[PDB]
Every structure is written in structure tokens, then in C-alpha cells.
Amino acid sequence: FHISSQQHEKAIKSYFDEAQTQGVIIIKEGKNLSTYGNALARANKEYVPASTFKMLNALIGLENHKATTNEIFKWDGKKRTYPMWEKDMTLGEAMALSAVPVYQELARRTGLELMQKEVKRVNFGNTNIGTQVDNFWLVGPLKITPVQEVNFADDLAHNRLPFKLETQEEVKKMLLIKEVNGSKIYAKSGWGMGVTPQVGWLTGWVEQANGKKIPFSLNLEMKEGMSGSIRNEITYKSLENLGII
């Protein structure tokens, strides 16, 4: 449609301005990184990964036989943050619901020693998990930049992470969040509420009908009374604006 670069940049900036926050979205086409939004310097700043870490948590647990994809993690009957989490679920269902307690159980099964060795082997973010195996991705000290998140998504989309092909495919199946005219969007959201300022993520890739995979990572400041779906809305509008979906 012969739209200028300046127009795409202004349009995507306006999506973040209109949400009254500050954020970036990084897109990778082949080997080229493009950064859009209203706070471009966020691209190389470190933030806690929050629930985006569930992707790597699942890879590590499955690869090291701490769970299977069919295993049901039973609700223990204790009050959880959301009623929707007060049920028995597989890793895949827990992924879609972002169910922290299930992923905490998986991290505890893995254990601190194996988790640190695996996070190092994958070279995820600053690779530091500290000494608490069940919350390091929520409150620190683990941190990652939006550029590193988009590169992680690109490696996963292409089966390039240091895990069996089968492990990567099993986790990818858990991440399908939308279909749009022959395009499929795979992504994981994150919301770091236990850090200030709060951080929101949506990191994934578009698989186009022709098979091409386009990784992205949205990163923004979450604020009071903001809905979680703003992450999806900004991401989808940006991807549509760029003709990616």
C-alpha cells in the first residue's frame, strides 16, 4: 500500500500514547530488528520477565522429566489469587491461564541447582536466579531486555533453543493465542506486579500462512486500572499496521 516508514512509526507510537503508558514493540524480520512505540530506549533495558518465564520453565521441566504434557497438576484446595486457578490443570492449561502456582510447583521439582544451570545454558537475560527457586522470575534477580525476549522467541519459533525438538514443539503447542486469516499468533503474556514500576509483556511470533515466522516482543509500563488485554490490543494493532497480520 506504499505506506511510509514515518507513518508506521507515528501510528504505532500513537497506540502506546493512547493507552497513556510508555512502551516498545520489537519486531524481527529475518535477521533485522525493528523497534517501534513511544519509548524506544526501553528496547535494551532489563525488566523482570514475569510470566514470560513460564515458556522456559516449561522447556526445562519437560526436558528434565519433571512433568509430562498430560500430567494433571491438582489444585491443593488453598485459596489462589484468581478463582479460575482453583482447579486441576495440565502445564498447557496453566500456560493459557498463566497459573503461577502450577509453575512454582514445576520450578520446585526442577530445584535451584538444575534451574540455575539450565537458565545459564540457555543464556536467558542476565541469567541470575538468586537463591529462591520459586519466585526469581517475578521479583528478581532475573532480568531480561525486550531485545533478548524477541531473540528468545525467534530461537523458540525456529526450534533453535538447546532442548530436544520434541520439547520445543510441546511448549509451542501451549502458546497458540489467536488465528487471523491464515496467520497464527503464538505468544506468552507477563505482568510483573511485584516490582515498581510494573512491567507488562507480550512476547511471541506470528506464523504466516506461507510458513514464515515473525517474532515480536511488546514491553510496557502497566498502571493502575489498566486491563491485561491492552497488551494484546496494542500488539495486534501494531502487527496489523505493519501488514504482518
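Numbering starts at 1 and runs along the sequence shown.
Taking the PDB entry as given, 219-227 carries the higher mean Cα B factor of the two stretches 219-227 and 17-25. When the C-alpha B-factors of 85-93 and 114-122 are averaged, 114-122 comes out higher.
For the set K74, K172, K164, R109, the PDB entry assigns the largest Cα B-factor to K164. Among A58, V195, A50, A39, the highest C-alpha B-factor recorded in the PDB entry belongs to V195. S98 sits in the lowest third of its chain by CA B factor, as recorded in the PDB entry. Ranked within its chain, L138 lands in the middle third, by CA B factor from the PDB record. For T203, the recorded CA temperature factor ranks within the lowest third of the chain's modelled residues. Ranked within its chain, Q168 lands in the middle third, by CA B factor from the PDB record.
For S189, the recorded CA B-factor ranks within the lowest third of the chain. Only modelled residues enter the ranking.
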